[PDB]
Structures are given as C-alpha cells and as structure tokens.
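One line per chain: the protein sequences are B and A, in this order. For the first sequence, the residue numbers in the authors' numbering are -2 to 1, 4 to 239. For the second sequence, the residue numbers in the authors' numbering are -2 to 0, 4 to 239. This report concerns only the one structure given below.
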Amino acid sequence: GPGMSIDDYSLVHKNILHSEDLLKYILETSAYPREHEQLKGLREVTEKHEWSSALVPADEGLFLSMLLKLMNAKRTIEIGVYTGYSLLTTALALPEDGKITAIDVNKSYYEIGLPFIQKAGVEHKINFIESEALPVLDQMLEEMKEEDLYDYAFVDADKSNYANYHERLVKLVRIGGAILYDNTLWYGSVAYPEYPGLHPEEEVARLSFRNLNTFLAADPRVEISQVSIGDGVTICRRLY
Amino acid sequence: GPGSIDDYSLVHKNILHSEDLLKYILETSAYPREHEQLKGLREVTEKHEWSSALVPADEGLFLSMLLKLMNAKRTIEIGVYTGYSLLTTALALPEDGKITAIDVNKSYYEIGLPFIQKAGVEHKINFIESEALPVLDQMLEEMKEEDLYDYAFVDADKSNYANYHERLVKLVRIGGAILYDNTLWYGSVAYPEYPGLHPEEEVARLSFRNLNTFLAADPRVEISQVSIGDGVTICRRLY
Ligand SMILES: Nc1ncnc2c1ncn2[C@@H]1O[C@H](CSCC[C@H](N)C(=O)O)[C@@H](O)[C@H]1O
Ligand SMILES: Nc1ncnc2c1ncn2[C@@H]1O[C@H](CSCC[C@H](N)C(=O)O)[C@@H](O)[C@H]1O
Ligand SMILES: [Mg+2]
Ligand SMILES: [Mg+2]
C-alpha cells in the first residue's frame, strides 16, 4: 500500500545462459564494440536506475538492429519503451526516413534516454505516445489503411497482456512483417508448470508467457522462432 | 594423421542454464513447427556417430525466419552433414530459390536426401562434393555481380572459418548475410584456457576466440552474435 521495490522481485538476478562468464564474453567481445556511443551512454545511466533489470541487453539490441536491417524495415512500432534502449537501437538501424511509433505508460522513463536519442540525431524518427498500449493499438485499427501497415513491432510492455497485444498486432503489421515478443522465457521460469516463490506480478507474467508460447506455436496466422537471446525473444512473421 | 566422435569432451554441454529450459523451447516452440521431413531427418541423424554436429531444431527455425524476413532467393550452405540446415533453407526459399551446398562427404548427405526429396525441394539444391575452399575460390573467379548470394550458412571445418570469411565477404551481395555456426563452442570460448578438451576441440575453441574478435573488428560487416544453439554469428555485408 502506501510506503515506498525490486527485490520484492525474485527473478531480477537470473539469466537464461549457463554462466555469467559466457554472457559477459558475448557482451565484451561482440556487443559493446559494436554499440553506438549513445546506446552506451543510455545503458550506463539506466544501469543505475531502480528498474535496470527491465533493460534490453546489448547483445539482444544488436540482434534487433540486425533483423531490422536484413528485412529493410522502414515503419515500426515500439511498445514498452522504458529509458529507450530498444527504441534508440531501432531508430539508429532504420534508414533516414524511417518512422517509429513508440508507446509507454511512463514518459518519465523516456526522458532519461531522450538526451541520448537527441544527440544521436534520430529523435525526428520517433512519435512518442504516453499511454497504455492497448487503447492506442485499438485506435490504430480504426485509423490505419493497408498502405500504413507496420513492417516491425517490438513488444516489451505489460508482461501479463501480450496475448491481447498480439490480437491487434497481427492486424497492424504487414503480411511478411515481424512481431517480436520480449522476455518469452521469463528467466527460465516458464519451463515448469509450477515455480516457487515469485512476486505475484512475476507469477502472473510467468503464466501469461506459458500460455502465450503455447498459443503462438499453434497460431496459423504466423510462423515463429523462439530465440534464446536476452530473456527469450519470439519472432513472429505474419502469413496472411 | 597418426595420434573419432566419442573422443570429444564438450558434446553434451549446454549453453543454456539447464537441459529443462532447452527441452521446454524445443517441445513448446520448435517441434510443433518442424516440418515432417525435418523431423524424420533429425531422428535418423540423432542415431548417427556424428549426431553432435547436428544443427538443433530451435536454431533451424531461426535460420528459416531470417531467410524469409530478408526474402533470400539464392544461398550457399557450407557444411551439410545429413542436411538439416540445408532442408530448412530449401523449405524456406521460394519455389524458384536456389542453393549451392558444399560438403566433403556426400555419404552424409545421402542419409538426409530421402527426406529432402519427399519434401519436394531437392530441385533447389546443387550439391557439390568437395572441400569448400577450392569451390569458393573457383566461385570468386566466375562470380558475376548480379549472381551474388543473399545468404551463406557456414558450418564446416571449425578451424577454417576465418579463411571461409575472406571468400564469402566477396560472394554475398551488399546487404547479404553470412551466418557462422557454433561460434560459442559450447561456452568454452568464454575463457582463455579450458581444460579437458580433445586436441581438435581446443583448435576449434581457439579458432572461434580469434574469429569472434576478428569479426567484431571487421569494418566490412555488421555483426550480431546470438546465443542460440551453440552460438550463431550473423554478419551483414556493408561494402
Ligand atoms: N499497459 C502498458 N502500456 C504501455 N507501456 C507499459 C504498460 N505497462 C507497462 N509499460 C511499460 O513497459 C516498459 C517495460 S520495460 C521496456 C524495456 C525497453 N524495451 C528497453 O529497451 O529497455 C516500462 O517502461 C513500462 O512503463
Ligand atoms: N573442408 C571442408 N569442406 C567442406 N565440408 C567440410 C569440410 N570439413 C568438414 N566438412 C563438413 O562439414 C560438416 C560439419 S557438420 C554440419 C552440420 C549441418 N550444417 C546441419 O545442419 O546439421 C560435415 O558434414 C563435414 O563433412
Ligand atoms: Mg523486455
Ligand atoms: Mg554447427
């Protein structure tokens, strides 16, 4: 209730890889040398923030950048911005005329990263909307034409609500476009029907992801690839 | 020379934190999406002496997804074994897609060939039985700019990836992808020394540490090292 925290949360310090040494090797060898100076800055100030556990990591970021470039994405939607690491990643990867619709309930987080976005010279690509994501997506469904469908969506907002996001995004991303769901392995806790001692919010997210992973594997509208990078990323490609 | 598969130390090591997590991914997200003929090919390969070299099913779906997202049409596969990643590629490509597939050992390919045929995609594949570098070098002297590959999957002799790279950054189009398989070498690349390895395993481990450093510094490409399977490094040609 009234009072003032993130180790009432149980999964903060876990990782899906076998050792922290392997993760550090990947980051130091392959990610940090390829990370834009302004992503480095954004990440380092986020690492001191209360919710740094939620930050998209740098090896995952370079993978998002790679996918965006390989598929020649130009119009994207970013749901769950936090301090803007995945958003700046996207903005740097897109061509100069790329356009991003960015949605987050808490703009104060975004203002932490916004100076780095500005210095990188890519703020002009970003339309930031401070809102719960689902009302925005529902309004887009009434607004958008087939000419305006998105090439790519990155989904990283309310971890209990991805299935509802998916029902909108399979209509807002073009045929052949990509929807990426972040955190679909939820620190490994999805591997069991029951799991001990999580925060109620973490447990709701865990069950949501177990149900989402099963549903997406069964969903004829997409083909999928669940990738054990970061905390699990499920790539979906719209078939019809 | 004077001095086998069951001599390797690392074969059963996971890069994920538990076998249960890996099995979850495979049972939930990979096997339900694996083509019947890929399942059949995997099952016979699991029984083979060199099953440890098999590309796993979750990695397969990731390769397939990359191929479709980038609209690849012409590809090269280096290191075929029984054909799992080759069949993945051939199913992913359009009906008129084409693959150049190179392996020193066609007998391995013939294990998977019946499944490739039943999948109806053998016509996309030009299988060359040879060491890869002589083929790649002959391609360099014949390749026309308009025939450059969209995508290359590199999974052959581990100690030789750096030599393959020097050819492939010229054989794949600008904006095209070169994927190197096994770049985390079961996690053993994470340390300067790693006891208990077969001599060939240690050669590969050192080759990958050098390669990973080299690729991260190579201005001809952008890269992303992905902790899927045994590590896959995606390269994108810049010039
Ligand atoms: N219903 C909702 N709609 C939109 N954003 C939400 C939301 N519920 C939570 N969020 C936001 O989702 C974010 C999750 S963390 C996002 C991390 C970010 N992608 C990165 O690159 O690091 C938080 O910023 C939180 O404010
Ligand atoms: N110098 C060389 N040139 C071409 N192929 C080679 C080679 N050295 C080893 N190989 C081949 O590389 C393969 C490595 S295993 C490849 C696994 C396969 N990509 C899969 O999807 O499962 C073996 O079939 C081996 O015969
Ligand atoms: Mg996330
Ligand atoms: Mg391999």
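Ideal Cβ positions, reconstructed from N, Cα and C, are used throughout, including at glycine.
Contact test: residue i Cβ vs ligand 4 heavy atom, cutoff 7 Å
i                 : result
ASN105 of chain A : no
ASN212 of chain A : no
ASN160 of chain B : no
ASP155 of chain A : yes
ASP230 of chain A : yes
Beta carbon proximity, residue i to chain A, threshold 8 Å
i                    : result
residue 3 of chain B : A break in chain B separates 1 from 4, and the residue in question, residue 3 of chain B, sits inside that break with no coordinates.
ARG236 of chain B    : yes
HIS17 of chain B     : yes
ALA119 of chain B    : no
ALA177 of chain B    : yes
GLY112 of chain B    : no
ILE174 of chain B    : no
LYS170 of chain B    : no
residue 3 of chain B : No atoms of residue 3 of chain B appear, because in chain B residue 1 is followed directly by 4.
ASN182 of chain B    : no
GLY187 of chain B    : yes
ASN14 of chain B     : yes
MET65 of chain B     : yes
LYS39 of chain B     : no
heavy atom of ligand 1 below 7 Å from residue i C-beta
i                    : result
residue 1 of chain A : Note on chain A: consecutive modelled numbers read 0 then 4, so residue 1 of chain A has no coordinates in the structure shown.
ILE102 of chain B    : yes
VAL11 of chain B     : no
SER52 of chain B     : no
Proximity test, residue i beta-carbon vs ligand 3 heavy atom, cut-off 7 Å
i                    : result
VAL55 of chain B     : yes
residue 1 of chain A : You won't find residue 1 of chain A in this model, because chain A goes from 0 right to 4.
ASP58 of chain B     : no
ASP137 of chain B    : no
residue 3 of chain B : Gap note for chain B: numbering proceeds from 1 to 4 with nothing in between, so residue 3 of chain B has no coordinates.
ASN182 of chain B    : yes
Same chain only: Cβ atoms within 7 Å of residue i, ignoring 5 sequence neighbours per side
i                 : result
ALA92 of chain B  : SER64, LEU67, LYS68
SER52 of chain B  : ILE5, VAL11
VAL203 of chain B : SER159
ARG236 of chain A : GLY175, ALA177, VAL221, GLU222
Delimiting residues of the beta strand (DSSP E) encompassing residue i
i                 : result
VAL55 of chain A  : Taken as a continuous stretch (DSSP letters only), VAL55 of chain A belongs to no beta strand (DSSP E), as it is neither H nor E.
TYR149 of chain A : 149 to 154
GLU77 of chain B  : 74 to 78
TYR161 of chain A : Careful: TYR161 of chain A lies outside any beta strand (DSSP E), inside the alpha helix (DSSP H) at 161 to 171.
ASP103 of chain A : 98 to 103
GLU27 of chain B  : Neither: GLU27 of chain B is in no beta strand (DSSP E) and is coded neither H nor E.
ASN126 of chain B : 125 to 129
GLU222 of chain B : 221 to 226
Opening and closing residue of the alpha helix (DSSP H) in which residue i lies
i                 : result
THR88 of chain A  : 84 to 92
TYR108 of chain B : 106 to 118
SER207 of chain B : 199 to 217
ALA132 of chain B : 132 to 142
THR45 of chain A  : 36 to 46
Cβ shell of residue i (< 6 Å), same chain only, five flanking positions each side left out
i                 : result
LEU168 of chain A : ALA152, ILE178
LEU197 of chain B : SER9
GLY229 of chain A : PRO56, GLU59
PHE208 of chain B : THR183, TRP185, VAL189
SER224 of chain A : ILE234
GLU129 of chain A : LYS106
Near ligand 2: residue i beta-carbon under 7 Å from a heavy atom
i                 : result
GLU131 of chain A : yes
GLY79 of chain A  : yes
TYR108 of chain A : yes
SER85 of chain A  : yes
Contact with chain B by residue i, beta-carbon distance below 8 Å
i                 : result
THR213 of chain A : yes
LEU93 of chain A  : no
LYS73 of chain A  : no
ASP58 of chain A  : yes
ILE76 of chain A  : no
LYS158 of chain A : no
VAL11 of chain A  : no
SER85 of chain A  : no
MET139 of chain A : no
Beta-carbon proximity list for residue i, same chain, < 8 Å, skipping 5 on both sides
i                 : result
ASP147 of chain A : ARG74
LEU171 of chain A : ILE76, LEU136, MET139, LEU140, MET143, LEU148, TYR149, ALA152
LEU87 of chain B  : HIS35, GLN37, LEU38, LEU41, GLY112, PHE115, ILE116, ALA119, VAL121
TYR186 of chain B : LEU10, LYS13, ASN14, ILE15, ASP230
- request: May I ask you to verify whether the segment 131 to 138 of chain B touches the segment 40 to 58 of chain B, counting CB pairs closer than 8 Å and requiring at least 3?
  value: Touching, no, given that fewer than three Cβ pairs across the two stretches are closer than 8 Å.
- prompt: Counting Cβ pairs closer than 8 Å, one from the segment 214 to 223 of chain B and one from the segment 42 to 55 of chain A, do we hit at least three?
  reply: Using a Cβ-Cβ distance cut-off of 8 Å, the segment 214 to 223 of chain B and the segment 42 to 55 of chain A are not in contact, since fewer than three pairs of beta carbons, one from each stretch, lie closer than that value.
- prompt: For the 8 Å Cβ check, are there 3 or more pairs between the segment 19 to 38 of chain A and the segment 73 to 80 of chain A?
  reply: The answer is no - the segment 73 to 80 of chain A does not touch the segment 19 to 38 of chain A, with fewer than three Cβ pairs under 8 Å.
- request: Indicate whether the contact test is met: 3 or more Cβ pairs, each with one atom in the segment 155 to 172 of chain A and one in the segment 186 to 194 of chain A, closer than 8 Å.
  value: No, because fewer than three Cβ pairs between the segment 155 to 172 of chain A and the segment 186 to 194 of chain A fall closer than 8 Å, the two stretches do not touch.
- prompt: Any contact of the segment 81 to 92 of chain B with the segment 112 to 126 of chain B, i.e. 3+ C-beta pairs under 8 Å?
  reply: Enough Cβ pairs lie closer than 8 Å, so yes.
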